[PDB]
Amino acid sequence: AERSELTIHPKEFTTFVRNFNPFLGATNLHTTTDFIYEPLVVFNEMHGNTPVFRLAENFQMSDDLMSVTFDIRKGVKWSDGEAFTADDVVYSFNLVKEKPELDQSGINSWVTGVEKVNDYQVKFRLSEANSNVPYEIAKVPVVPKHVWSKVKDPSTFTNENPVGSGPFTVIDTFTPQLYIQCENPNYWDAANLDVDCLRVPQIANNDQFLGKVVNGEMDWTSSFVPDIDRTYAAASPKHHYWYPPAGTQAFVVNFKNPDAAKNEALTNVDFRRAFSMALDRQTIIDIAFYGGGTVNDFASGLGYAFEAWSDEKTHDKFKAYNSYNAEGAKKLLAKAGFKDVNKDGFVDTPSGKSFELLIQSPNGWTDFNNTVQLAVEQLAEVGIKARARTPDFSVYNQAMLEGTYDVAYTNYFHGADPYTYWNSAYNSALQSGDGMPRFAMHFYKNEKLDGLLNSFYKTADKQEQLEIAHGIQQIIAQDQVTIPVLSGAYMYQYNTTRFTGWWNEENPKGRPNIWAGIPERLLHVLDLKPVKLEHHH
């Protein structure tokens, strides 16, 4: 054809709503960040957080780690031809400070203010010392001031005709079931780009996905695929995948459940430990994930990928509570006083109340749904009554934000050090705010823990940072805050029918996934090249 179209699948939808607002992660399309709004810097997390400079050409932190200046690349244009400058960066950060519902990461608690030094330099002032703040700053979308300052309420703005900095800003085709996002005519890095457009089909769940990917209809995906060698790999020599290791997955319990009986159970550490011992984590990996994961028996959730960081003494002390031990679970329930007093085989609370835990995972995330159903069965074998629900992701998510759920199975962000998981999963500041994600919504709060998290990057002292990690590990482990299950994978499938250049095990340039929130996907698409099709008629 006359243009190359790359078929991608970042996110499940039942119908596409035209929304390219990069601040509205709960309602926008998942090709907005990176592809329409390019970041200042992409940190290559798989390669030691190596900064890859994009719209900024440099940054420099102060010696006291209380401020940082970014240098903006000259000669970059917005897709409408106007210049990308410091003005746009300063506006974007002031916008998020003024409208904190647009803060999806917690940036506002780190950056007290921004200043334009000149047309191509921005200075950020910090609330506390933080050597990790350039990483945090890179998370914030930069939008064109000359457009957005004329918008009446950016927090409700759907941005249907976007002006962007990234490689793909033109909305070529848009229907409820398909849209096509084509090349920015003024793209600053055009000589590096060999893909003409992104083609985005509507896919609601893993079952619908399976049929399409096995039939060779996709190019770049990151979905769960069951029995992948037999179903997908075997269908074509052009069907490939690479699954580098990812983050923790866990059952999260609501410490503020409004039901008296359920609250009584979930806030009890003996109960959380018994729940944890009932689980057969390797069987969950084997059945629900077809072997694609590693047991996580760290009460702190750290997982085995951070051996240099782990306090082995703490891990070993609480490991027994995070290992399969059904008899141990029954004994602990008995010692704690969860006794069955109405002859149905299921333990009741110390106050004598019956209860059944409702465990949720998102609709269509079938690997997680199957994990929950296995756990329900395993819990029954120690006398804990539970049953599964698979609500739509938005309903699942909202139940966690509002604290109406009982237990949720979830994955987490994964980074180059343990802070990505521990901060996002446990910092109580992330339990409030209309832009917050689900990850900290157990509503367990510990002042000492927050203090340690907020000091993680405060000293430039490697040994002290390690001791802070050991402190965090001890607190979370001894309180068994969540029930960690496994460490998962960055699922990624690619097709060599129409494109080459893919990252893979022999070319492991970075995280290969197509999800929003993987900024490396920008770097990945800049490596892809179309293949000339085999002739036919």
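We number the residues from 1 along the sequence you see.
Mean C-alpha B-factor comparison - 243 to 251 and 225 to 233, higher one:
It is 225 to 233.
Hey, which bit's got the bigger mean C-alpha B factor in the entry, 171 to 179 or 359 to 367?
Looking at the record's C-alpha B-factors, the answer is 171 to 179.
Out of 198, 341, 452, 111, which residue has the highest Cα temperature factor in the PDB record?
The record points to 111.
Kindly indicate the residue among 301, 437, 162, 383 with the greatest C-alpha B-factor in the PDB record.
Out of 301, 437, 162, 383, the record gives the largest C-alpha B-factor to 162.
Report the third (lowest, middle or highest) to which the CA temperature factor of residue 18 belongs, ranking only the modelled residues of the same chain.
It belongs to the highest third of the chain when residues are ordered by C-alpha B-factor.
Grab the CA temperature factor for residue 447 from the record and place it in the lowest, middle or highest third of its chain.
Its C-alpha B-factor belongs to the highest third of this chain's values.
When the deposited Cα B-factors of this chain's modelled residues are ordered and cut into thirds, is residue 474 in the lowest, the middle or the highest one?
It falls in the middle third of the chain.
Once the chain's modelled residues are ordered by C-alpha B factor and cut into thirds, is residue 441 in the lowest, middle or highest one?
Ranked within chain, residue 441 CA B lands in the middle tercile.
Would the CA B-factor of residue 66 place it in the lowest, middle or highest third of its chain?
Its C-alpha B-factor belongs to the highest third of this chain's values.
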